[PDB]
Structure formats: structure tokens, C-alpha cells
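Trainee: As input, take target12.pdb (PDB, N, CA and C atoms):
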```
ATOM      1  N   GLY A 169       0.803  -1.208   0.000  1.00  0.00           N
ATOM      2  CA  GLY A 169       0.000   0.000   0.000  1.00  0.00           C
ATOM      3  C   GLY A 169       0.838   1.262   0.000  1.00  0.00           C
ATOM      4  N   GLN A 170       1.232   1.708  -1.189  1.00  0.00           N
ATOM      5  CA  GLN A 170       2.019   2.926  -1.320  1.00  0.00           C
ATOM      6  C   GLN A 170       2.201   3.213  -2.802  1.00  0.00           C
ATOM      7  N   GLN A 171       2.599   4.447  -3.110  1.00  0.00           N
ATOM      8  CA  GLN A 171       2.840   4.849  -4.489  1.00  0.00           C
ATOM      9  C   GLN A 171       4.009   5.826  -4.518  1.00  0.00           C
ATOM     10  N   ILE A 172       4.470   6.166  -5.724  1.00  0.00           N
ATOM     11  CA  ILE A 172       5.656   7.002  -5.867  1.00  0.00           C
ATOM     12  C   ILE A 172       5.595   7.805  -7.159  1.00  0.00           C
ATOM     13  N   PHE A 173       6.219   8.984  -7.137  1.00  0.00           N
ATOM     14  CA  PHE A 173       6.329   9.855  -8.297  1.00  0.00           C
ATOM     15  C   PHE A 173       7.666   9.602  -9.009  1.00  0.00           C
ATOM     16  N   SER A 174       8.130  10.564  -9.810  1.00  0.00           N
ATOM     17  CA  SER A 174       9.429  10.437 -10.459  1.00  0.00           C
ATOM     18  C   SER A 174       9.844  11.764 -11.082  1.00  0.00           C
ATOM     19  N   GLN A 175      11.127  12.106 -10.956  1.00  0.00           N
ATOM     20  CA  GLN A 175      11.690  13.330 -11.524  1.00  0.00           C
ATOM     21  C   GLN A 175      12.741  12.962 -12.577  1.00  0.00           C
ATOM     22  N   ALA A 176      13.302  13.970 -13.253  1.00  0.00           N
ATOM     23  CA  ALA A 176      14.214  13.705 -14.363  1.00  0.00           C
ATOM     24  C   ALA A 176      15.329  14.742 -14.473  1.00  0.00           C
ATOM     25  N   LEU A 177      16.552  14.261 -14.730  1.00  0.00           N
ATOM     26  CA  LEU A 177      17.717  15.103 -14.994  1.00  0.00           C
ATOM     27  C   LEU A 177      18.073  15.092 -16.474  1.00  0.00           C
ATOM     28  N   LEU A 178      18.512  16.238 -16.991  1.00  0.00           N
ATOM     29  CA  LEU A 178      18.890  16.289 -18.392  1.00  0.00           C
ATOM     30  C   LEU A 178      20.256  15.632 -18.590  1.00  0.00           C
ATOM     31  N   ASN A 179      20.603  15.391 -19.853  1.00  0.00           N
ATOM     32  CA  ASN A 179      21.846  14.706 -20.181  1.00  0.00           C
ATOM     33  C   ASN A 179      23.034  15.650 -20.044  1.00  0.00           C
ATOM     34  N   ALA A 180      24.108  15.154 -19.423  1.00  0.00           N
ATOM     35  CA  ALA A 180      25.315  15.964 -19.284  1.00  0.00           C
ATOM     36  C   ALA A 180      25.816  16.454 -20.636  1.00  0.00           C
ATOM     37  N   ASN A 181      25.843  15.567 -21.635  1.00  0.00           N
ATOM     38  CA  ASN A 181      26.311  15.952 -22.962  1.00  0.00           C
ATOM     39  C   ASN A 181      25.696  17.277 -23.378  1.00  0.00           C
ATOM     40  N   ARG A 182      24.366  17.366 -23.303  1.00  0.00           N
ATOM     41  CA  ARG A 182      23.659  18.586 -23.660  1.00  0.00           C
ATOM     42  C   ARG A 182      24.379  19.790 -23.070  1.00  0.00           C
ATOM     43  N   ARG A 183      24.542  19.797 -21.748  1.00  0.00           N
ATOM     44  CA  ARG A 183      25.213  20.897 -21.075  1.00  0.00           C
ATOM     45  C   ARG A 183      24.580  22.213 -21.516  1.00  0.00           C
ATOM     46  N   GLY A 184      25.390  23.221 -21.824  1.00  0.00           N
ATOM     47  CA  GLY A 184      24.860  24.459 -22.337  1.00  0.00           C
ATOM     48  C   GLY A 184      24.678  24.370 -23.835  1.00  0.00           C
ATOM     49  N   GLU A 185      23.791  23.477 -24.284  1.00  0.00           N
ATOM     50  CA  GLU A 185      23.608  23.296 -25.719  1.00  0.00           C
ATOM     51  C   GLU A 185      22.951  24.512 -26.343  1.00  0.00           C
ATOM     52  N   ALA A 186      22.364  25.382 -25.521  1.00  0.00           N
ATOM     53  CA  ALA A 186      21.771  26.600 -26.046  1.00  0.00           C
ATOM     54  C   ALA A 186      22.828  27.415 -26.771  1.00  0.00           C
ATOM     55  N   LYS A 187      24.066  27.390 -26.268  1.00  0.00           N
ATOM     56  CA  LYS A 187      25.139  28.148 -26.884  1.00  0.00           C
ATOM     57  C   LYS A 187      26.273  27.270 -27.386  1.00  0.00           C
ATOM     58  N   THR A 188      26.143  25.945 -27.299  1.00  0.00           N
ATOM     59  CA  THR A 188      27.170  25.073 -27.852  1.00  0.00           C
ATOM     60  C   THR A 188      27.312  25.331 -29.344  1.00  0.00           C
ATOM     61  N   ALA A 189      26.184  25.476 -30.036  1.00  0.00           N
ATOM     62  CA  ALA A 189      26.171  25.800 -31.451  1.00  0.00           C
ATOM     63  C   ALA A 189      25.749  27.236 -31.720  1.00  0.00           C
ATOM     64  N   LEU A 190      25.331  27.981 -30.694  1.00  0.00           N
ATOM     65  CA  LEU A 190      25.007  29.391 -30.889  1.00  0.00           C
ATOM     66  C   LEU A 190      26.277  30.177 -31.163  1.00  0.00           C
ATOM     67  N   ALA A 191      27.295  29.982 -30.325  1.00  0.00           N
ATOM     68  CA  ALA A 191      28.597  30.585 -30.583  1.00  0.00           C
ATOM     69  C   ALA A 191      29.068  30.295 -32.003  1.00  0.00           C
ATOM     70  N   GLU A 192      28.901  29.052 -32.462  1.00  0.00           N
ATOM     71  CA  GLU A 192      29.384  28.679 -33.789  1.00  0.00           C
ATOM     72  C   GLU A 192      28.590  29.361 -34.901  1.00  0.00           C
ATOM     73  N   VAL A 193      27.262  29.411 -34.774  1.00  0.00           N
ATOM     74  CA  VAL A 193      26.466  30.101 -35.786  1.00  0.00           C
ATOM     75  C   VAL A 193      26.749  31.593 -35.752  1.00  0.00           C
ATOM     76  N   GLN A 194      27.021  32.145 -34.569  1.00  0.00           N
ATOM     77  CA  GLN A 194      27.357  33.558 -34.466  1.00  0.00           C
ATOM     78  C   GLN A 194      28.694  33.848 -35.134  1.00  0.00           C
ATOM     79  N   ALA A 195      29.662  32.948 -34.960  1.00  0.00           N
ATOM     80  CA  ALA A 195      30.956  33.123 -35.604  1.00  0.00           C
ATOM     81  C   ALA A 195      30.812  33.044 -37.117  1.00  0.00           C
ATOM     82  N   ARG A 196      30.043  32.069 -37.606  1.00  0.00           N
ATOM     83  CA  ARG A 196      29.852  31.986 -39.045  1.00  0.00           C
ATOM     84  C   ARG A 196      29.143  33.232 -39.552  1.00  0.00           C
ATOM     85  N   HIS A 197      28.131  33.701 -38.820  1.00  0.00           N
ATOM     86  CA  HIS A 197      27.442  34.918 -39.224  1.00  0.00           C
ATOM     87  C   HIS A 197      28.415  36.078 -39.346  1.00  0.00           C
ATOM     88  N   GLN A 198      29.353  36.188 -38.406  1.00  0.00           N
ATOM     89  CA  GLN A 198      30.373  37.226 -38.509  1.00  0.00           C
ATOM     90  C   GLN A 198      31.210  37.053 -39.774  1.00  0.00           C
ATOM     91  N   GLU A 199      31.556  35.807 -40.110  1.00  0.00           N
ATOM     92  CA  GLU A 199      32.266  35.565 -41.365  1.00  0.00           C
ATOM     93  C   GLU A 199      31.432  36.021 -42.556  1.00  0.00           C
ATOM     94  N   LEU A 200      30.135  35.733 -42.528  1.00  0.00           N
ATOM     95  CA  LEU A 200      29.268  36.074 -43.648  1.00  0.00           C
ATOM     96  C   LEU A 200      29.105  37.583 -43.764  1.00  0.00           C
ATOM     97  N   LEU A 201      29.052  38.278 -42.629  1.00  0.00           N
ATOM     98  CA  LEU A 201      28.993  39.735 -42.654  1.00  0.00           C
ATOM     99  C   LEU A 201      30.263  40.312 -43.264  1.00  0.00           C
ATOM    100  N   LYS A 202      31.416  39.721 -42.936  1.00  0.00           N
ATOM    101  CA  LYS A 202      32.667  40.169 -43.541  1.00  0.00           C
ATOM    102  C   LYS A 202      32.629  39.954 -45.050  1.00  0.00           C
ATOM    103  N   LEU A 203      32.112  38.798 -45.467  1.00  0.00           N
ATOM    104  CA  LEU A 203      31.977  38.493 -46.885  1.00  0.00           C
ATOM    105  C   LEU A 203      31.092  39.522 -47.570  1.00  0.00           C
ATOM    106  N   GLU A 204      29.976  39.862 -46.932  1.00  0.00           N
ATOM    107  CA  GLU A 204      29.022  40.796 -47.509  1.00  0.00           C
ATOM    108  C   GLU A 204      29.651  42.169 -47.670  1.00  0.00           C
ATOM    109  N   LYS A 205      30.384  42.611 -46.652  1.00  0.00           N
ATOM    110  CA  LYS A 205      31.072  43.895 -46.711  1.00  0.00           C
ATOM    111  C   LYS A 205      32.088  43.945 -47.847  1.00  0.00           C
ATOM    112  N   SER A 206      32.875  42.879 -47.998  1.00  0.00           N
ATOM    113  CA  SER A 206      33.872  42.864 -49.060  1.00  0.00           C
ATOM    114  C   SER A 206      33.204  42.865 -50.428  1.00  0.00           C
ATOM    115  N   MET A 207      32.129  42.093 -50.581  1.00  0.00           N
ATOM    116  CA  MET A 207      31.404  42.093 -51.844  1.00  0.00           C
ATOM    117  C   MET A 207      30.812  43.464 -52.142  1.00  0.00           C
ATOM    118  N   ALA A 208      30.314  44.155 -51.119  1.00  0.00           N
ATOM    119  CA  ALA A 208      29.801  45.505 -51.323  1.00  0.00           C
ATOM    120  C   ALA A 208      30.880  46.424 -51.883  1.00  0.00           C
ATOM    121  N   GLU A 209      32.082  46.373 -51.303  1.00  0.00           N
ATOM    122  CA  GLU A 209      33.167  47.193 -51.839  1.00  0.00           C
ATOM    123  C   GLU A 209      33.514  46.789 -53.271  1.00  0.00           C
ATOM    124  N   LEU A 210      33.538  45.487 -53.547  1.00  0.00           N
ATOM    125  CA  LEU A 210      33.909  45.028 -54.882  1.00  0.00           C
ATOM    126  C   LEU A 210      32.886  45.481 -55.917  1.00  0.00           C
ATOM    127  N   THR A 211      31.603  45.372 -55.576  1.00  0.00           N
ATOM    128  CA  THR A 211      30.551  45.810 -56.480  1.00  0.00           C
ATOM    129  C   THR A 211      30.640  47.307 -56.722  1.00  0.00           C
ATOM    130  N   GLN A 212      30.966  48.075 -55.680  1.00  0.00           N
ATOM    131  CA  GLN A 212      31.134  49.510 -55.870  1.00  0.00           C
ATOM    132  C   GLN A 212      32.277  49.801 -56.835  1.00  0.00           C
TER     133      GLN A 212
ATOM    134  N   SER B  27      36.318  26.291 -44.184  1.00  0.00           N
ATOM    135  CA  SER B  27      37.461  26.549 -45.052  1.00  0.00           C
ATOM    136  C   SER B  27      37.009  27.103 -46.396  1.00  0.00           C
ATOM    137  N   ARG B  28      35.867  26.621 -46.888  1.00  0.00           N
ATOM    138  CA  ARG B  28      35.356  27.113 -48.162  1.00  0.00           C
ATOM    139  C   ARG B  28      35.031  28.599 -48.079  1.00  0.00           C
ATOM    140  N   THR B  29      34.427  29.029 -46.970  1.00  0.00           N
ATOM    141  CA  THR B  29      34.083  30.438 -46.821  1.00  0.00           C
ATOM    142  C   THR B  29      35.334  31.295 -46.680  1.00  0.00           C
ATOM    143  N   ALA B  30      36.349  30.789 -45.978  1.00  0.00           N
ATOM    144  CA  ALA B  30      37.594  31.540 -45.853  1.00  0.00           C
ATOM    145  C   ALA B  30      38.286  31.670 -47.203  1.00  0.00           C
ATOM    146  N   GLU B  31      38.262  30.602 -48.003  1.00  0.00           N
ATOM    147  CA  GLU B  31      38.830  30.663 -49.344  1.00  0.00           C
ATOM    148  C   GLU B  31      38.083  31.677 -50.199  1.00  0.00           C
ATOM    149  N   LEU B  32      36.755  31.685 -50.095  1.00  0.00           N
ATOM    150  CA  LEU B  32      35.958  32.641 -50.852  1.00  0.00           C
ATOM    151  C   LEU B  32      36.315  34.067 -50.450  1.00  0.00           C
ATOM    152  N   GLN B  33      36.417  34.313 -49.142  1.00  0.00           N
ATOM    153  CA  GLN B  33      36.826  35.626 -48.653  1.00  0.00           C
ATOM    154  C   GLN B  33      38.191  36.024 -49.203  1.00  0.00           C
ATOM    155  N   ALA B  34      39.133  35.082 -49.242  1.00  0.00           N
ATOM    156  CA  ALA B  34      40.461  35.398 -49.754  1.00  0.00           C
ATOM    157  C   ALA B  34      40.399  35.769 -51.229  1.00  0.00           C
ATOM    158  N   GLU B  35      39.582  35.048 -51.998  1.00  0.00           N
ATOM    159  CA  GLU B  35      39.470  35.349 -53.420  1.00  0.00           C
ATOM    160  C   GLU B  35      38.830  36.715 -53.627  1.00  0.00           C
ATOM    161  N   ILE B  36      37.827  37.045 -52.813  1.00  0.00           N
ATOM    162  CA  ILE B  36      37.154  38.331 -52.955  1.00  0.00           C
ATOM    163  C   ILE B  36      38.103  39.469 -52.600  1.00  0.00           C
ATOM    164  N   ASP B  37      38.882  39.308 -51.528  1.00  0.00           N
ATOM    165  CA  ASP B  37      39.879  40.317 -51.177  1.00  0.00           C
ATOM    166  C   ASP B  37      40.893  40.517 -52.300  1.00  0.00           C
ATOM    167  N   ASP B  38      41.349  39.420 -52.913  1.00  0.00           N
ATOM    168  CA  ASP B  38      42.279  39.546 -54.032  1.00  0.00           C
ATOM    169  C   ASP B  38      41.636  40.291 -55.196  1.00  0.00           C
ATOM    170  N   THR B  39      40.361  40.008 -55.465  1.00  0.00           N
ATOM    171  CA  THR B  39      39.704  40.650 -56.596  1.00  0.00           C
ATOM    172  C   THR B  39      39.476  42.131 -56.314  1.00  0.00           C
ATOM    173  N   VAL B  40      39.186  42.476 -55.057  1.00  0.00           N
ATOM    174  CA  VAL B  40      39.113  43.879 -54.663  1.00  0.00           C
ATOM    175  C   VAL B  40      40.436  44.579 -54.929  1.00  0.00           C
ATOM    176  N   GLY B  41      41.549  43.939 -54.575  1.00  0.00           N
ATOM    177  CA  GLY B  41      42.844  44.538 -54.871  1.00  0.00           C
ATOM    178  C   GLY B  41      43.048  44.779 -56.357  1.00  0.00           C
ATOM    179  N   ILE B  42      42.719  43.774 -57.174  1.00  0.00           N
ATOM    180  CA  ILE B  42      42.886  43.909 -58.621  1.00  0.00           C
ATOM    181  C   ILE B  42      42.002  45.029 -59.161  1.00  0.00           C
ATOM    182  N   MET B  43      40.784  45.153 -58.634  1.00  0.00           N
ATOM    183  CA  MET B  43      39.874  46.193 -59.111  1.00  0.00           C
ATOM    184  C   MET B  43      40.310  47.578 -58.652  1.00  0.00           C
ATOM    185  N   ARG B  44      40.919  47.681 -57.474  1.00  0.00           N
ATOM    186  CA  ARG B  44      41.482  48.960 -57.059  1.00  0.00           C
ATOM    187  C   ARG B  44      42.591  49.374 -58.014  1.00  0.00           C
ATOM    188  N   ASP B  45      43.422  48.403 -58.396  1.00  0.00           N
ATOM    189  CA  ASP B  45      44.461  48.664 -59.379  1.00  0.00           C
ATOM    190  C   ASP B  45      43.842  49.127 -60.688  1.00  0.00           C
TER     191      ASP B  45
END
```
What would you get if you wrote out this structure as C-alpha cells?
Mentor:
Amino acid sequence: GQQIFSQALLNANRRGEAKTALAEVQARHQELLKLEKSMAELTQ
Amino acid sequence: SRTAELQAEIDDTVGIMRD
């Protein structure tokens, strides 16, 4: 005669996955902005 | 690496066009 609930922990691997690939997409975006700027000068 | 190569080519072409 008894019952029980249950809780959950996230995976360690995940860690700060919010920025694991955010930093990387931000870095690529910076590269793309540099590309865009250089192309703007070249077109001019 | 492909994007860095593209950037390098664009910078070179900017130099040639300035010339």
C-alpha cells in the first residue's frame, strides 16, 4: 500500500547546448557579414 | 574553409579592381 512519483535530470552531454552551437552560428554569421562587406566594396 | 577561401578570393579581386 504505497505509491511514488518520479523526476528527471537532463543529459550531461547537452550541457549548455543553447550556446554550444550558438557561438558557432554567431561566428559563421560574422564571417558572412565580412563576406558581404567585401562584396559591397567590390561591387562599388 | 570554403568560406575563408571565398573571402580570400574576394579580397584579391578587390585589390585587382582597385588597381
Trainee: Which residues of chain A come within 8 Å of chain B, and for each one, what is the closest pair of atoms and their distance in Å to one decimal, counting all atoms listed in the file, sorted by chain and residue number, as a tab-separated table?
Mentor:
```
residue	atom	partner	partner_atom	distance
A:199	C	B:29	C	7.4
A:200	N	B:29	CA	7.9
A:202	C	B:33	CA	7.0
A:203	CA	B:33	CA	5.9
A:206	C	B:36	C	6.3
A:207	N	B:36	CA	6.7
A:209	C	B:40	CA	6.5
A:210	CA	B:40	CA	5.3
A:211	N	B:40	CA	7.7
```
Trainee: Find the distance between CA of residue 193 (chain A) and atom N of residue 205 (chain A) and write it in Å to one decimal.
Mentor: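 Spanning CA of residue 193 (chain A) to atom N of residue 205 (chain A) is a straight-line distance of 17.0 Å.
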Trainee: In Å, rounded to a single decimal, give me how far atom C of residue 190 (chain A) is from CA of residue 178 (chain A).
Mentor: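 Atom C of residue 190 (chain A) lies at a distance of 20.3 Å from CA of residue 178 (chain A).
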Trainee: Starting from the incomplete input, reconstruct N, CA, C and O atoms of chain B and write that as a CSV table (one decimal), keeping the file's coordinate frame.
Mentor:
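The result, stored in rebuild_3.csv:
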```
chain,number,residue,atom,x,y,z
B,27,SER,N,36.3,26.3,-44.2
B,27,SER,CA,37.5,26.5,-45.1
B,27,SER,C,37.0,27.1,-46.4
B,27,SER,O,37.7,27.9,-47.0
B,28,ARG,N,35.9,26.6,-46.9
B,28,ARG,CA,35.4,27.1,-48.2
B,28,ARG,C,35.0,28.6,-48.1
B,28,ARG,O,35.3,29.4,-49.0
B,29,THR,N,34.4,29.0,-47.0
B,29,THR,CA,34.1,30.4,-46.8
B,29,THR,C,35.3,31.3,-46.7
B,29,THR,O,35.4,32.4,-47.2
B,30,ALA,N,36.3,30.8,-46.0
B,30,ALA,CA,37.6,31.5,-45.9
B,30,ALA,C,38.3,31.7,-47.2
B,30,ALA,O,38.8,32.7,-47.5
B,31,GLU,N,38.3,30.6,-48.0
B,31,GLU,CA,38.8,30.7,-49.3
B,31,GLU,C,38.1,31.7,-50.2
B,31,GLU,O,38.7,32.4,-51.0
B,32,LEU,N,36.8,31.7,-50.1
B,32,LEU,CA,36.0,32.6,-50.9
B,32,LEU,C,36.3,34.1,-50.4
B,32,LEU,O,36.5,34.9,-51.3
B,33,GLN,N,36.4,34.3,-49.1
B,33,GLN,CA,36.8,35.6,-48.7
B,33,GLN,C,38.2,36.0,-49.2
B,33,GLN,O,38.4,37.2,-49.6
B,34,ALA,N,39.1,35.1,-49.2
B,34,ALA,CA,40.5,35.4,-49.8
B,34,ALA,C,40.4,35.8,-51.2
B,34,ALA,O,41.0,36.7,-51.7
B,35,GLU,N,39.6,35.0,-52.0
B,35,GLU,CA,39.5,35.3,-53.4
B,35,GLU,C,38.8,36.7,-53.6
B,35,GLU,O,39.3,37.5,-54.5
B,36,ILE,N,37.8,37.0,-52.8
B,36,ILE,CA,37.2,38.3,-53.0
B,36,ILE,C,38.1,39.5,-52.6
B,36,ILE,O,38.1,40.5,-53.3
B,37,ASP,N,38.9,39.3,-51.5
B,37,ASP,CA,39.9,40.3,-51.2
B,37,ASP,C,40.9,40.5,-52.3
B,37,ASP,O,41.2,41.7,-52.6
B,38,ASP,N,41.3,39.4,-52.9
B,38,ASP,CA,42.3,39.5,-54.0
B,38,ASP,C,41.6,40.3,-55.2
B,38,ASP,O,42.3,41.1,-55.8
B,39,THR,N,40.4,40.0,-55.5
B,39,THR,CA,39.7,40.6,-56.6
B,39,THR,C,39.5,42.1,-56.3
B,39,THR,O,39.6,43.0,-57.2
B,40,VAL,N,39.2,42.5,-55.1
B,40,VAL,CA,39.1,43.9,-54.7
B,40,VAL,C,40.4,44.6,-54.9
B,40,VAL,O,40.5,45.7,-55.4
B,41,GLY,N,41.5,43.9,-54.6
B,41,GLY,CA,42.8,44.5,-54.9
B,41,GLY,C,43.0,44.8,-56.4
B,41,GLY,O,43.5,45.9,-56.8
B,42,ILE,N,42.7,43.8,-57.2
B,42,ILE,CA,42.9,43.9,-58.6
B,42,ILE,C,42.0,45.0,-59.2
B,42,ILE,O,42.4,45.8,-60.0
B,43,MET,N,40.8,45.2,-58.6
B,43,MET,CA,39.9,46.2,-59.1
B,43,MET,C,40.3,47.6,-58.7
B,43,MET,O,40.1,48.6,-59.4
B,44,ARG,N,40.9,47.7,-57.5
B,44,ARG,CA,41.5,49.0,-57.1
B,44,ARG,C,42.6,49.4,-58.0
B,44,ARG,O,42.7,50.5,-58.5
B,45,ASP,N,43.4,48.4,-58.4
B,45,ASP,CA,44.5,48.7,-59.4
B,45,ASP,C,43.8,49.1,-60.7
B,45,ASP,O,44.3,50.1,-61.3
```
